[PDB]
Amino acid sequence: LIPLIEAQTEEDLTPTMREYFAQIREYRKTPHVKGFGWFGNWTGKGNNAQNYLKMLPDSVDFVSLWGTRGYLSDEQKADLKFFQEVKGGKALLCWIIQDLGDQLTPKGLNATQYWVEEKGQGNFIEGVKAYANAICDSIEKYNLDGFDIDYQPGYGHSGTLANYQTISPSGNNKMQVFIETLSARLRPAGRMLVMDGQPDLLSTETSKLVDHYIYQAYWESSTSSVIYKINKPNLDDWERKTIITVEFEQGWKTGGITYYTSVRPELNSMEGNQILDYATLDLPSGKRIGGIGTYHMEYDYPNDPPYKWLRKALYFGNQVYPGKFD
């Protein structure tokens, strides 16, 4: 007889709640509008539900951890264990990929020094192979469910890995064996690889190694301006693997921007029409977007109800306007 925020394993629940989360775990594996976000201030520290993966809406499928790197608390480890095993949930490491050494470069040592000669052996590429293997290390160490490449060259995050060009042996071969090394390792482990910002630079073939294409559709003011952004037939199965996200650091109150126009007239009489359009987005093929998410998803918690917009959006995407998945 333990309330949820206190529960740690299937052993702490009644039969009726064991069975409840069994259907949630089933659902996760059916094809549906996935729910995602960038979860900040993740502590698992108690009293406040907002700091817990396990207290997220049951309709959230996976999440990227904005800010967290390593050194997890026992209370973080336990939140995650429940989120993973009871809820069918998945948590990703996440951070901008710009330079070869990024966020795994110790001290103030030199990136190109530490990674290339010191870790490769002059072979720049053995160092990309190495830098990636370290990401996987650090994921396997905290049993997280994979990685989220924040890829934004040509929004200023261009470096000794990130550049303007298609990722393929024929274009950015360095970014190619990067992604190749993450897939080789964390795909057979049941883990996820994912790319946000400019997943459109993936080659057709390389796109097969990435489980979702995640776009920041923050300031798009029209359905068809969002479709233009994500309509990339170069990408394997782009409709069902594409996730479109709204900006909740600023629009948590309103369900993104206040001056959006949906292709569904009935959505435009209603506040939050950006996130609801996204969740119900029928692409020109007729297929339903693969999912929606919010940046700083937790800013939706102070709402009435808490997680107002995300919950509504997934209700719109999965029940009000049932989508087509083939």
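One-based numbering along the sequence shown.
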query: As stated in the PDB record, which stretch has the larger average Cα B-factor, 181-189 or 105-113?
result: 105-113
statement: For 119-127 versus 231-239, entry-based mean Cα B-factors point to 119-127
- prompt: Between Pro57, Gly291, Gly286, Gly46, which carries the biggest CA temperature factor in the record?
  reply: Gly46
statement: Looking only at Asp74, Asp196, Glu205, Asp211, the Cα with the top B-factor belongs to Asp74
task: Looking at the entry's B-factor column for C-alpha atoms only, identify whether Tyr142 ranks in the lowest, middle or highest third of its chain.
output: highest
task: Rank-wise, by C-alpha B-factor, drop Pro302 into the lowest, middle or highest third of its chain.
output: middle
task: Compare the C-alpha B factor of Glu220 with those of the other modelled residues in its chain, then answer lowest, middle or highest third.
output: lowest
statement: Chain-relative C-alpha B factor for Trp38 (record values, thirds): the middle
message: Please say which third, lowest, middle or highest, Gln176 falls into when its CA temperature factor is compared across its chain.
response: middle
